[PDB]
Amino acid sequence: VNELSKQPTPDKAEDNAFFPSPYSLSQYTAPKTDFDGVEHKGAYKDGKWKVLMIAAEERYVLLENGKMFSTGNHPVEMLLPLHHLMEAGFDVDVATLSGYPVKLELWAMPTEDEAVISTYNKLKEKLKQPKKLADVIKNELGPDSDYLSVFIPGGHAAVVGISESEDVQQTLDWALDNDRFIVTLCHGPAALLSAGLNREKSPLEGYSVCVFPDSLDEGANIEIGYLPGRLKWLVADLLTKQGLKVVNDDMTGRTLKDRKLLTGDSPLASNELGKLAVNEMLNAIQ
């Protein structure tokens, strides 16, 4: 079990595209999460407030050497926080930039965790046929929106399309203008780069965030064959050049609240970000 290959495994559906190495899956994934119970089982009861998830619809990330990383949204990052929220009484709607199926990193699916798998099963229909984010902006936002918060889970695929979208931009500008939560972790914060699009100054300038660290993406992830190549830019770097305070440089499961921007650093931070989100959302219903 320390003889497992360090080489990335090819994805036969795609040209020159690679899953993470069998060794890296041993160090970074697990059949069970650190989850041990929800705090606020049924606290909210009016059935009005909802979470809006913007998820990833493109699985493949083009790298510097021309190879592609077969990724997706990380499923623990998506599904653990959502177990907390749904159990607290907050229903969930899923959107992608085009209405395409949601792409997960199914190689990180913790197959033995009941809470995550049943969460995945309650969400399957919405993941396979999401709403179109432009349809959401047009009809379901504005000042009387029933959406209390926007959730952007991570995984490497969040780096693509979501980081340079005017539809994501408009969605962030609503949540600031209506005092709504933006919840995000991992690479999820690349979504935030969309706020500064076609603009001299991002309206998130001076916000503080947890971000997956540069040094891991450029070093350790590349040497254990998790990524088969180098990213062409890095999320923590470009968030800084837009005037955000990247409050961490390590991967400790750290979480952070700054006004209504709640963030997590990595997959390790999933279970806690779920608690933070539930807590801060029940705190704003008064």
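The first residue of the shown sequence is 1; numbering continues from there.
The deposited model assigns a higher average Cα B-factor to 236-244 than to the other stretch when 58-66 and 236-244 are compared. Mean CA B-factor, 258-266 versus 14-22: the higher value falls on 258-266. Note on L141, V102, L204, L97: the highest value goes to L204, judged by CA B factor as recorded. Per-chain ranking of the deposited C-alpha B factor places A191 in the lowest third. Sort the modelled residues of the chain by CA B factor and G155 lands in the lowest third. Placement of the Cα temperature factor of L148 within the chain: middle third of the modelled residues, per the deposited record. Sort the chain's modelled residues by C-alpha temperature factor and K126 lands in the lowest third, per the entry.
Split the chain's modelled residues into thirds by C-alpha temperature factor. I182 is in the lowest one.
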